[PDB]
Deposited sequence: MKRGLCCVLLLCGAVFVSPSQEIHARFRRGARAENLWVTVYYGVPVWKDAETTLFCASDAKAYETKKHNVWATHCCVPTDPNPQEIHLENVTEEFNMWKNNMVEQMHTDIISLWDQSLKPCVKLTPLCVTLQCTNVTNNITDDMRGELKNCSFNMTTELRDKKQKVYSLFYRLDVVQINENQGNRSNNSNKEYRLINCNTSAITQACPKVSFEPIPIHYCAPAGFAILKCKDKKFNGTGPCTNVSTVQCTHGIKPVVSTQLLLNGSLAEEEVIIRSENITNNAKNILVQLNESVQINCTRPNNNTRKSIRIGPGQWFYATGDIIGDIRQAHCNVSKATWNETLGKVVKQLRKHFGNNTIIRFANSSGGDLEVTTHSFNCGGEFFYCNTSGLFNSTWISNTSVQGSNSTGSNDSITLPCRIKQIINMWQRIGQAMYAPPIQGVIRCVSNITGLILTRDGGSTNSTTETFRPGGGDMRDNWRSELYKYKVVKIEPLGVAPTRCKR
């Protein structure tokens, strides 16, 4: 004669989507967190769930999709109120820069002049600036248009806006919780033990890059190879290193900036002359570290690919620079570095040249582009690689040897690499059970 008993506050949960919000360290005009508002606890709480086993799947993680949306929306919010550059989509007259310029930059840096209006609609001014070849398109000889004149609206990024990544902590609203795997050597697709509950995630820096990751977390103890399905060549492989690789990047030229008033108080920023000589942009990767790093990676790949098999690294297929090169942003400047000097080995201080571009159609979309204003002086940045994004070739012929190349580029992968340890669940406090009682 057991009867129904009802409880409230029962410690159970179900997989769920929720609305997430930002929290920060308080201490940190920077686009990623102008109104994050919520401070995190200086000492985040975490509860160990002993005797709990839970299922995680990083490839179906709704948190990744939400981060993607929040990043895009904030990006657009930043540019929405900034000056349009439509008046610059005019015939431009260009010659090469030959003044104490090295061979690597011949034909890359251009000196261009044009007719643009002043503050009054009745008057024009003759102005000039320097441009990089990548953003200048030839008409039919010395005449050029902006690369995206017939393609997209160009919005100038506002000055005094920082793009520097700020760790963002995602927090769940009351009624929801975030579960995390502390289980070591976890590849993100199966059950994990050592599960804990938190209210907020660790801070994640919204770093944007392509072929190689930058400033992420390191794996503990071993290199972890993660993919949805290893067998399917269409899937990308996210490799998380347990040691960083140091990379030193620079824009060696001492630049200047001009500011041209146009229209009713609007301003256009443009590259001025270069002080000193003109040199090519580049990145240094410690050589010994890089070699050792690949050996560590290969050793883990062999678990799925064979002991007597040959693992090769090679450069990527052609396509847009955000596919074929290593893209990153330092101080707000946009670099496109050649990685063929890294992925060139067979298993059984490296200098990489870089290009600079200013008109950029970020997030793989057409119709909008940002114009990145120049930064005066000399740019230097040092980063931690902490992981690679690789893809594999066919392997159907002579399946003793397989080649991996830098690849992917889908921006989602840069988040999956940090969010794979987290899951959102909802708390469901009500439940029933039989017992001995009556009213």
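Comparing the deposited sequence with the modelled residues, which stretches have no C-alpha coordinates? Those parts of the chain that were deposited but carry no coordinates are 1-34, 63-67, 180-189, 398-412.
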